[PDB]
């Protein structure tokens, strides 16, 4: 099998009510206190709006949930409650319903969103270190709380570049980690899916989020966004193997006794592992250092067990300038 190296038993060590989200009974407040101002986004099971709480003039985000998804609603709510006060996790202010339809909605703190496509082309070296450190705080926190985000990607990493604030949003795909549990591999954005997902390995853990974080780090320091740009899930793995190497992929599969879908045999080809320095050029050289490449190499590994944990990543020398500045 496989287990997480950290936080493996933390849900089993807590009360059942902590993780048994199907049994959770939210307290649903009144959505009539909120005035919707503008639509911010739409997903397949939700839409997000800027809103004002008319009772106190607070600006918030309201996420209106398509109500058919009862179990998934309880999951997201219970996870957000468990994460209350976590560093750099979006703050759930309240759980409300339209008092007539009973359609549920989540109310979050407002954050200014600096558009990531534009931001990621103008970050400094220190900015990347700073924001990656802030994102790692959120991931170490949720992992320590027994929760995998499973959808880490630029859209879900809200950065207010004016106030130097970061929030990890959209916990709708998040799940509780339980050792030996088999999880659905249909999670994360294509470009941020770990190799484990792409090879249909269900016994994954928090380390999935560390792959996604590694993909974000690579895109920031190299300026290629997304870094691994597959055309479909099959091609996604080919794009990874063209960097990490094919023999290296096969060694990972062997270690975990992973069966490979035979459609891959026609498309993977044969590829040597590439040096990370191959991605440096005049446009990104100022963002790349030996310590950035060492960190990245320890995140973007096939072997999920061998990837750095969020805490190990935070402790890496790449972040020393950040820690020193916040002291």
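Numbering follows the first chain given and starts at 1. In this text, rigid core is short for the largest set of C-alphas that superpose within 1.5 Å between two forms.
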Should one compare 42-50 and 56-64 by root mean square Cα distance from the shown form in 9 other deposited structures of this protein, core superposed, the larger belongs to 42-50
Per-stretch CA RMS vs shown form in 9 other deposited structures of this protein, rigid core as reference, larger of 189-197/67-75 is 67-75
The stretch whose C-alpha atoms carry the larger average B-factor in the entry, 7-15 or 307-315, is 7-15
Higher avg CA temperature factor (125-133 vs 250-258, as deposited) belongs to 250-258
From 189, 156, 113, 144, the top C-alpha temperature factor is at 113
Scanning 195, 99, 226, 172 for peak Cα temperature factor in the entry gives 99
Here the Cα B-factor of residue 276, set against its chain, lands in the third termed middle
Residue 38: CA B-factor among chain residues, third -> middle
Here the Cα B-factor of residue 150, set against its chain, lands in the third termed lowest
Entry-reported C-alpha B-factor of residue 65 relative to its chain, by third, is highest
Residue 108: C-alpha B-factor third of its chain, per the entry, is the middle
